[PDB]
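Novice: If you scroll down you'll find the structure; I have some questions about it.
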Amino acid sequence: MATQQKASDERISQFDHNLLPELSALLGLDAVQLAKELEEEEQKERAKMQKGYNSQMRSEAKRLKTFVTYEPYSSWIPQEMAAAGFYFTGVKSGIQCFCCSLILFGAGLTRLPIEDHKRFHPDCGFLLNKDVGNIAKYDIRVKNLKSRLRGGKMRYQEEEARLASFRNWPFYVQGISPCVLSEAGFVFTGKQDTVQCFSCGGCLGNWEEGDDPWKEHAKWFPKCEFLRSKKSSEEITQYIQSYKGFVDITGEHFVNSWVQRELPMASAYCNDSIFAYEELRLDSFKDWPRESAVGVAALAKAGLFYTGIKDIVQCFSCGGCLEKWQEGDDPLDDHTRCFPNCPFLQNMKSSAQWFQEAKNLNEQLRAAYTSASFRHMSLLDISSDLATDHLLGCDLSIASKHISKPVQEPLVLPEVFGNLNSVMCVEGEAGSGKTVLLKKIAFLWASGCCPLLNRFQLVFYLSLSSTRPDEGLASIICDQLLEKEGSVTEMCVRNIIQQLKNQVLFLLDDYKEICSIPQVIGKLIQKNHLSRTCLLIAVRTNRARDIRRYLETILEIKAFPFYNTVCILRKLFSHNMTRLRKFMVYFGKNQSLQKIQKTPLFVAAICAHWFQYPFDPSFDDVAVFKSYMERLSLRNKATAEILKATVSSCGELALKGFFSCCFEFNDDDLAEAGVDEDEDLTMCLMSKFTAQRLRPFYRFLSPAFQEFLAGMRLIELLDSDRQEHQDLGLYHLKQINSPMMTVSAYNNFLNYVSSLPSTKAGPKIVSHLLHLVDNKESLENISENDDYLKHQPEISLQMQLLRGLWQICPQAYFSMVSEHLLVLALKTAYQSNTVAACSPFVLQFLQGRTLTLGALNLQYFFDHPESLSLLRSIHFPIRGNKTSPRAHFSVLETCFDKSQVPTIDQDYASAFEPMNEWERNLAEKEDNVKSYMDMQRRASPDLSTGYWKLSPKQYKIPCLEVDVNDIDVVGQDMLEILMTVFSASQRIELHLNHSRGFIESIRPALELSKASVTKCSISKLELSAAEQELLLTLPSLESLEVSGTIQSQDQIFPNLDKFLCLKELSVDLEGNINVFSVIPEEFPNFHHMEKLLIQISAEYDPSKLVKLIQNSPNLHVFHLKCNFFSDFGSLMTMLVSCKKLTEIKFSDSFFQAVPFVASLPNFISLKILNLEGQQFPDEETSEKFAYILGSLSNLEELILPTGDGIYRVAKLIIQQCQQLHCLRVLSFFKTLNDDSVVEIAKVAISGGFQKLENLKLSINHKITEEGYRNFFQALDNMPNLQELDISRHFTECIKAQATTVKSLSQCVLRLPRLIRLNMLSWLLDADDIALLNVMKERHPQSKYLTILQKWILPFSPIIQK
Amino acid sequence: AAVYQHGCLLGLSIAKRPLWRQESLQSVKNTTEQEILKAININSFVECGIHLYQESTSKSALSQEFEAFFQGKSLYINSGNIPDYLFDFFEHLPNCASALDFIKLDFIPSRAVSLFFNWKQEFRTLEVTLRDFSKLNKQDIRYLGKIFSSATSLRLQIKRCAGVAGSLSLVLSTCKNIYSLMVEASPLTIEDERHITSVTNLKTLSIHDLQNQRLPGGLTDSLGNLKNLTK
Amino acid sequence: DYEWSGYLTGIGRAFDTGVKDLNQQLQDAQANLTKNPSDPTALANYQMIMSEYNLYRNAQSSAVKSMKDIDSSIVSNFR
Ligand SMILES: Nc1ncnc2c1ncn2[C@@H]1O[C@H](COP(=O)(O)OP(=O)(O)OP(=O)(O)O)[C@@H](O)[C@H]1O
Ligand SMILES: [Zn+2]
Ligand SMILES: [Zn+2]
Ligand SMILES: [Zn+2]
């Protein structure tokens, strides 16, 4: 009949509708482009999977089971979508229909599964209520049709007569041949799929492919004569015992039941409620207080029912509504008018003494369970009003555990109800929801619209909370279940129990011990073989040792899934979507914090908070914990000596555990904390585990909670006035001494602490946090334990970038961390209202610091604006997104090394890698990053929300650093920002990176603050005439730099007489124009320059430079790079007048060596001496130089010249380094040999080079293998060295022997701060590198130390001999 | 650590299957039962010390007591049979392993290489005996040269192996720490003999069953180079 | 009350703006090698920088995938 015709709506479901523009605000990404990328992937996946009717997924009971592997993070509940005809697929969390195709991915907050089902394919046979064989979640094979066919007594004796009835046997069941059903004595009844036994009259339905009618016949109606005549009693017995599920019941137990109800047809529009049925809505509307418009029969057809509240008529398919029931109105129009989107309405528009006593008891029990006092089970403690009937759609995660073997399997309720036999137990943590679960079961039974439970004739929900161990059953049920002490007697009840046996179910809550139980009930547990009464007992895991002896398996409650939390919040609220949306994002990124909502009681804690501040559009991540422990005081309270005592003792346990990374405790660890494991309060915080183990253990509820308790305890210690219990707080506080951890491992801890109320702790904590990152000793303390990360993947990722950031740009790392710690300290001071006592610490911290522009949005700068004057600078970068084409590989190196190629053997060949593969892999990875960064949005500065909002009067920003990089044109918003910020500073420094056209659009701002600009640094930037004229109108410039591409031949140099304040001049132009030939002769006068950094060429007798220096007594830095120069000796002589020179760099063919050495002794302030590239071809000059270096006691960076003089007299230079107690950098170039290199190690031992950080040896062409082995084995003590470079040119590769490689691996481990080792052109085999790669893991600087060995030259080496 | 008395050496001679080096090496001399039994007796004693260390979980706490005990003792390792406790001994108790005066290896399995080729320290002495080498590969030499690395002093014995001939000069070339070389019944060539007479830091040279008869610039042509030779 | 957000935001950007500097250093190193295409130190200083560039790109190319997968899992639930 063509089930559905395979839905195919052009494969463009889309789902979205441009509702994402508001989301980019939270994510930082364009959610619209992202959605488009996802749509493409979904379209591709659909084409790769099967479509068509799936008979195995026909039952919604199974569809639900397929979702046990569904991800916990979603917007939809498996029950909601299973009811809509969907089942789980194995592809990217997509779902599919059983009747139809329609492959759908993901979920939303504003759409239900059914709304989409009918939107992307409204012609679906299931949705249209065609017969597609849908089976209800709760259903059984026995139908009890109560209808006899024709005179089958004779008519259906023959197989042909029976088979002939199967003419309309539906396609949806054609997996079972009608010939088999006929042989077994079944005929077709004309119904959906039921068949009747021609003799017995019994009827079975819900047939599935693979079923065997003879086995099914044996299980139900085993007494049938036909079966008994055709099969042996042994065969029948085996068929029955070989069945699965029902234990000791048959067809007779599903019929003649006192709780039967006929149900329509499992239609699609039956979300998840009992009130989905018309019969239940109508035959429950009994307490209606005769309000106007009493057409109750018509009301029921509107999908409406009575909630039990005065006049509230609720709709099962959309929630509470129609308050005050408008009199005389029409429920169909009122429902439509109020909720013109309800699926129900959309479908509507489209379309024997004991025996009699037991019966009376049954009716009374049903009335008690369906009454509006048993329903509305105080869920989430919402109220006595505000109906919560629509909130009973969330179930618990249940697993079955064996008491003997270590076996566990997941379950769904339809598979639990069918396995109720003798004694069963439900275990869980306090607040897990086990009490609601038991009540829900009793409710379903009483309703009668839940086949599978309808075999029970009596269900008793009892609480063993105070019942004495001598009370009979009649005296208990008459107290808890019945209205009055009547109806039953003790003898009546006992007589009934022993007659019904299997049909009686007790739900026993609040179980504590076997001894403290009514004797009449205890006998149904201990000896439950003479009765076979079914008992379900709910216990906490803190017990559950008393009843395990009577069980086979246990039902355990698992963590409440995140998607149920979302649904509950979505249904109760939604009035504040901007808060719920933030909730979803928060727990999306922080993946491990989804574990906070482990117990339903925490969900209640959130709701209770969200109802107090319904219109506050912000998510406070610690609110749930503050709420949870507040509501704790309203359960069974004893504030004095109990509540305070249990929290305090538990807090001590948590605090200690959180600094040893325990999160698990034994009995001795618990005992020393003063925690009483048998107390009632210490079960709402912590759970005990006594499962099959040699010894028990304890664990706190979801670990994030432990950190919260630890935070709370720390504060109490700091605030307390008892020294004995106060200095302890400092002991624990001081365990946090690493800035790398305070931004990761302890991030949540600190956020909980700086949120809880305190009095004295505030000042005590901020004085620590602002100290940890104050000096350079703690700031550089890079350390981690990696234990706190094992269970927190989102932090492991965060720290992946921090460790990288530290290696690429240490300054970025330090600045970023410092600013973060300042914020936490200020937050703490404000939240505790202790600012008056915290400010002094902040002011001490801020001095000399650099902050970003956004740091001025902190309230502190408004309340105490004088603090602005303490800062050194404000950083204001702008980047835009200009393209920087590429690295441009394989265009230079390809014309360099050819003809000089090395000949490596077969074993060491790996030293050289091919360039083609290197480039390809890099290019691919680079593209994968670019496509993501393009989706990010920088967001212009929000200079309004407190931003130095002092309509500035008395204070100004002391220095503004403007960093312009990869931006061309600024929009109007940026012009408003630049102008606003520029006028707020006293000194503006402009750093202009490759940004062509930039100083043309910000003109309007520069023209107003011309005199405030003090620095202008120009990179690879082309200057226009109009730009240069603007620059020449900035008279305050003190520092001017041009670092390249100034080939315009413009007036920047000719007019270099306007910048009368100029002190720093830096000129380095790629195009050589012989600068100074273009500088006015009046320039070298009155300027008194402090820094001269010049690249000059082809100048002769450059008196301009000499005069400039002569008149610059404060010159600090002198860099001179040039070809043939003149009067070098004159220049060297003139520099003797510059007594404050700290840095000298001479690196080109102009240096005369001797005239330098002669003057060198006159410079005693030198910190940097760089003569790289120079030659000293003289022993006499070299020796004199070597001795002079010993007088230059302040040198930090000594970069030696090369040549024969130094080579011959290198030992003196090294030996004199024992006097230079500050050397940081040493670099040698072709100066050392086998005998002199070892002197470095000897000096380090004697006590020199103690602070050396970088040792560069590229001298290695003059040293043989022996000179390295002897060196390595002699190097013991250089506890600052970070980089060791021992490399050679590829034309002279060295093959290492086993003893050399071993010596190196030992050497590295004696250098505890080494992070970089360079070994290019060293040849190591596969076994040698395998040694170093292991040594690394024993090195203190693990996850940092990097060894560079490989060459990436663009050729293949000759790998032969 | 204070016990030196051997006790009763009668019996237990069956320990260490190669009672007489598998009835191969060692002539009519050194047949004294004590000469061999005392070494076996100590080997068992040293192994006992190792076992006590493992079953104490004292780690570094007792690094001194477990150094004094082992100092001066011997240890025999079969390259074809290396118990896992030896890895723990070398790995977790440095400065003790280096207090031993022998460490003998009987032969090239990767386990022998992985055990010795490490970054901890050199042994006072390492003794390597090759007994079963009809053929010597290039990879075998490469691995053997790593094993020889972890020693301040190497003693090498090559016995009744023919696959080593013509390649000895390619093995000794990586041994700068060799002081004693013994060769038995090996058909060595002149190139190998010239290499041997080049090792001026050699102290002990022992050659057995060399039947070349013609040594034109071979071992017996000079032998005046080994000025540091004592035996 | 001024959005006291206790979290290290912008780290992905802080890292990316670091790597981009390495790219500039690589281009500058190439220029120096180009002008002196025989200088062994110009060569060594070129491959040392280039190796670091490759190492860090291979790091963020992984971290970015992880970050992308997280974000794409969020917009798919509240579409
Ligand atoms: N399906 C649900 N939906 C929403 N809230 C639920 C649900 N099930 C349980 N709860 C919450 O669970 C709380 C009861 O928890 P639980 O059933 O574990 O009892 P308990 O607190 O351990 O004490 P006792 O076992 O004595 O009843 C109720 O306050 C209810 O708000
Ligand atoms: Zn469909
Ligand atoms: Zn029958
Ligand atoms: Zn409705």
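We label chains A, B, ... in the order they appear in the structure tokens, count residues from 1 in each chain, and number ligands from 1 in the order shown.
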Let me have all residues with an atom within 12 Å of ligand 4, counting only C-alpha atoms and all ligand atoms, laid out as a VMD selection string.
Specialist: chain A and resid 269 to 271 275 to 276 300 to 305 313 to 322 331 to 348 390
Novice: Do a neighbour search on residue C:10 at 12 Å with only C-alpha atoms, toss out local chain neighbours closer than 4 positions, and write the hits as a PyMOL selection string.
Specialist: (chain A and resi 27-28+798+801-802+805+812-813+816-817+820+936-939) or (chain C and resi 14-17)
Novice: Considering only C-alpha atoms and all ligand atoms, give me a table of residues in chain A that are at most 7 Å from ligand 1, with the closest atom pair and distance in Å for each, as JSON lines.
Specialist:
```
{"residue": "A:378", "atom": "CA", "partner": "ligand 1", "partner_atom_place_in_ligand_line": "31 (O)", "distance": 6.2}
{"residue": "A:379", "atom": "CA", "partner": "ligand 1", "partner_atom_place_in_ligand_line": "31 (O)", "distance": 3.8}
{"residue": "A:380", "atom": "CA", "partner": "ligand 1", "partner_atom_place_in_ligand_line": "31 (O)", "distance": 3.4}
{"residue": "A:381", "atom": "CA", "partner": "ligand 1", "partner_atom_place_in_ligand_line": "31 (O)", "distance": 5.7}
{"residue": "A:391", "atom": "CA", "partner": "ligand 1", "partner_atom_place_in_ligand_line": "3 (N)", "distance": 6.3}
{"residue": "A:392", "atom": "CA", "partner": "ligand 1", "partner_atom_place_in_ligand_line": "1 (N)", "distance": 5.7}
{"residue": "A:393", "atom": "CA", "partner": "ligand 1", "partner_atom_place_in_ligand_line": "1 (N)", "distance": 6.8}
{"residue": "A:394", "atom": "CA", "partner": "ligand 1", "partner_atom_place_in_ligand_line": "1 (N)", "distance": 4.7}
{"residue": "A:395", "atom": "CA", "partner": "ligand 1", "partner_atom_place_in_ligand_line": "1 (N)", "distance": 5.3}
{"residue": "A:396", "atom": "CA", "partner": "ligand 1", "partner_atom_place_in_ligand_line": "1 (N)", "distance": 6.9}
{"residue": "A:429", "atom": "CA", "partner": "ligand 1", "partner_atom_place_in_ligand_line": "18 (O)", "distance": 6.9}
{"residue": "A:430", "atom": "CA", "partner": "ligand 1", "partner_atom_place_in_ligand_line": "22 (O)", "distance": 4.0}
{"residue": "A:431", "atom": "CA", "partner": "ligand 1", "partner_atom_place_in_ligand_line": "18 (O)", "distance": 3.1}
{"residue": "A:432", "atom": "CA", "partner": "ligand 1", "partner_atom_place_in_ligand_line": "18 (O)", "distance": 3.8}
{"residue": "A:433", "atom": "CA", "partner": "ligand 1", "partner_atom_place_in_ligand_line": "17 (O)", "distance": 3.0}
{"residue": "A:434", "atom": "CA", "partner": "ligand 1", "partner_atom_place_in_ligand_line": "17 (O)", "distance": 3.9}
{"residue": "A:435", "atom": "CA", "partner": "ligand 1", "partner_atom_place_in_ligand_line": "17 (O)", "distance": 3.6}
{"residue": "A:436", "atom": "CA", "partner": "ligand 1", "partner_atom_place_in_ligand_line": "17 (O)", "distance": 5.0}
{"residue": "A:437", "atom": "CA", "partner": "ligand 1", "partner_atom_place_in_ligand_line": "8 (N)", "distance": 6.7}
{"residue": "A:509", "atom": "CA", "partner": "ligand 1", "partner_atom_place_in_ligand_line": "25 (O)", "distance": 7.0}
{"residue": "A:510", "atom": "CA", "partner": "ligand 1", "partner_atom_place_in_ligand_line": "26 (O)", "distance": 5.3}
{"residue": "A:600", "atom": "CA", "partner": "ligand 1", "partner_atom_place_in_ligand_line": "11 (C)", "distance": 5.0}
{"residue": "A:601", "atom": "CA", "partner": "ligand 1", "partner_atom_place_in_ligand_line": "11 (C)", "distance": 5.4}
{"residue": "A:604", "atom": "CA", "partner": "ligand 1", "partner_atom_place_in_ligand_line": "31 (O)", "distance": 5.9}
```
Novice: Which residues are near residue A:851? Cut-off 8 Å, only C-alpha atoms, ignore same chain within fewer than 6 positions. Put them as number ranges by chain.
Specialist: A: 815, 819, 871, 873-875
Novice: Generate a file of the selected residues that holds C-alpha atoms, formatted as an mmCIF file, in the first residue's frame.
Specialist:
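The resulting file, out.cif, is reproduced below:
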```cif
data_model
loop_
_atom_site.group_PDB
_atom_site.id
_atom_site.type_symbol
_atom_site.label_atom_id
_atom_site.label_comp_id
_atom_site.auth_asym_id
_atom_site.auth_seq_id
_atom_site.Cartn_x
_atom_site.Cartn_y
_atom_site.Cartn_z
ATOM 1 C CA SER A 815 50.636 40.656 30.914
ATOM 2 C CA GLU A 819 45.601 41.597 34.384
ATOM 3 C CA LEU A 871 50.107 53.264 35.696
ATOM 4 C CA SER A 873 50.776 52.846 30.099
ATOM 5 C CA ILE A 874 47.497 51.805 28.482
ATOM 6 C CA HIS A 875 47.624 49.432 25.509
#
```
Novice: Would you compute the distance between atom CA of residue A:505 and atom CA of residue A:479? Give it in Å to one decimal.
Specialist: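 It comes out at 18.0 Å.
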Novice: Please return, as a ChimeraX atom specification, all residues of chain C that DSSP assigns to helix (DSSP H, G or I) on the basis of the backbone.
Specialist: /C:11-35,40-71
Novice: Enumerate as an mmCIF file with N, CA and C atoms, in the first residue's frame the residues belonging to chain B that approach chain A to within 6 Å, with only C-alpha atoms taken into account.
Specialist:
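Contents of result23.cif, as written:
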```
data_model
loop_
_atom_site.group_PDB
_atom_site.id
_atom_site.type_symbol
_atom_site.label_atom_id
_atom_site.label_comp_id
_atom_site.auth_asym_id
_atom_site.auth_seq_id
_atom_site.Cartn_x
_atom_site.Cartn_y
_atom_site.Cartn_z
ATOM 1 N N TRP B 119 70.486 6.326 30.123
ATOM 2 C CA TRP B 119 71.102 7.605 30.444
ATOM 3 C C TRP B 119 71.484 7.730 31.905
ATOM 4 N N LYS B 146 76.335 -0.432 21.127
ATOM 5 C CA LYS B 146 75.571 0.357 22.080
ATOM 6 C C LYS B 146 75.711 -0.259 23.458
ATOM 7 N N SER B 149 78.725 0.640 25.363
ATOM 8 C CA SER B 149 78.783 2.040 25.764
ATOM 9 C C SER B 149 78.762 2.232 27.275
#
```
Novice: Distance limit 6 Å, reference ligand 2, atoms considered: only C-alpha atoms and all ligand atoms. Which residues make the cut? Give them as an MDAnalysis selection string.
Specialist: chainID A and resid 97 100:102 117 124
Novice: Please check which protein, DNA or RNA residues sit within 9 Å of ligand 3, counting only C-alpha atoms and all ligand atoms, and write them as a PyMOL selection string.
Specialist: chain A and resi 184-186+196-203+217-218+220-227
Novice: I'd like the interatomic distance between atom CA of residue A:1283 and atom CA of residue A:1352, to a tenth of an Å.
Specialist: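 Taking atom CA of residue A:1283 and atom CA of residue A:1352, their separation equals 21.3 Å.
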Novice: Identify every residue of chain A that has at least one atom within 8 Å of any atom of chain C, counting only C-alpha atoms, and report the result as a VMD selection string.
Specialist: chain A and resid 15 to 16 19 to 20 27 31 34 to 35 38 74 to 75 106 to 110 581 584 to 585 588 to 589 743 747 751 797 800 to 802 804 to 805 808 to 809 812 820 823 to 824 827 857 to 859 887 to 888 892 896 922 925 to 926 928 to 929 932 945 to 946 1289 1348 1351 to 1352
Novice: Write out as a PyMOL selection string which residues come within 9 Å of stretch 16-29 of chain B when counting only C-alpha atoms, dropping same-chain ones fewer than 3 positions away.
Specialist: chain B and resi 13+32+36+40+131+159-160
Novice: Quick one: residues within 10 Å of residue B:89, only C-alpha atoms, excluding same-chain residues fewer than 3 positions away - as a list in words?
Specialist: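 Here the answer would be residues 47, 50, 51, 53, 54, 84, 85, 86, 92, 93, 94, 96 and 97 of chain B.
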Novice: Output N, CA and C atoms for every residue in that selection, as a PDB file, in the first residue's frame.
Specialist:
```pdb
ATOM      1  N   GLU B  47      71.193 -11.776  43.820  1.00  0.00           N
ATOM      2  CA  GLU B  47      69.794 -11.824  43.425  1.00  0.00           C
ATOM      3  C   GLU B  47      68.898 -11.703  44.649  1.00  0.00           C
ATOM      4  N   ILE B  50      68.527  -8.157  45.545  1.00  0.00           N
ATOM      5  CA  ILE B  50      67.621  -7.458  44.645  1.00  0.00           C
ATOM      6  C   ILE B  50      66.174  -7.718  45.021  1.00  0.00           C
ATOM      7  N   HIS B  51      65.857  -8.970  45.328  1.00  0.00           N
ATOM      8  CA  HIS B  51      64.496  -9.325  45.694  1.00  0.00           C
ATOM      9  C   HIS B  51      64.066  -8.624  46.974  1.00  0.00           C
ATOM     10  N   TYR B  53      65.087  -5.777  48.024  1.00  0.00           N
ATOM     11  CA  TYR B  53      64.840  -4.383  47.690  1.00  0.00           C
ATOM     12  C   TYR B  53      63.455  -4.186  47.105  1.00  0.00           C
ATOM     13  N   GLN B  54      63.088  -5.005  46.126  1.00  0.00           N
ATOM     14  CA  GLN B  54      61.777  -4.845  45.521  1.00  0.00           C
ATOM     15  C   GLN B  54      60.684  -4.993  46.568  1.00  0.00           C
ATOM     16  N   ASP B  84      62.836  -9.682  34.479  1.00  0.00           N
ATOM     17  CA  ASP B  84      62.356  -8.321  34.594  1.00  0.00           C
ATOM     18  C   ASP B  84      62.900  -7.583  35.816  1.00  0.00           C
ATOM     19  N   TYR B  85      63.252  -8.306  36.879  1.00  0.00           N
ATOM     20  CA  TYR B  85      63.756  -7.627  38.067  1.00  0.00           C
ATOM     21  C   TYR B  85      65.075  -6.920  37.811  1.00  0.00           C
ATOM     22  N   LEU B  86      65.800  -7.333  36.777  1.00  0.00           N
ATOM     23  CA  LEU B  86      67.051  -6.666  36.458  1.00  0.00           C
ATOM     24  C   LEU B  86      66.781  -5.270  35.949  1.00  0.00           C
ATOM     25  N   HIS B  92      65.772   1.663  39.056  1.00  0.00           N
ATOM     26  CA  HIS B  92      65.389   2.349  40.284  1.00  0.00           C
ATOM     27  C   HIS B  92      66.492   2.448  41.325  1.00  0.00           C
ATOM     28  N   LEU B  93      67.597   1.731  41.138  1.00  0.00           N
ATOM     29  CA  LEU B  93      68.645   1.786  42.147  1.00  0.00           C
ATOM     30  C   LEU B  93      70.031   2.067  41.549  1.00  0.00           C
ATOM     31  N   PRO B  94      70.221   3.256  40.974  1.00  0.00           N
ATOM     32  CA  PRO B  94      71.461   3.752  40.433  1.00  0.00           C
ATOM     33  C   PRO B  94      72.401   4.003  41.590  1.00  0.00           C
ATOM     34  N   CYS B  96      74.071   1.940  42.911  1.00  0.00           N
ATOM     35  CA  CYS B  96      74.261   0.615  43.441  1.00  0.00           C
ATOM     36  C   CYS B  96      74.740  -0.293  42.341  1.00  0.00           C
ATOM     37  N   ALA B  97      74.046  -0.252  41.216  1.00  0.00           N
ATOM     38  CA  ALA B  97      74.423  -1.082  40.088  1.00  0.00           C
ATOM     39  C   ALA B  97      75.861  -0.775  39.674  1.00  0.00           C
TER      40      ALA B  97
END
```
Novice: Considering only C-alpha atoms, return as a list in words whatever protein or nucleic-acid residues lie within 10 Å of residue B:107, sequence-local ones (same chain, fewer than 6 positions apart) excluded.
Specialist: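 That gives residues 77, 78, 79, 80, 128, 129, 130, 131, 132, 133 and 158 of chain B.
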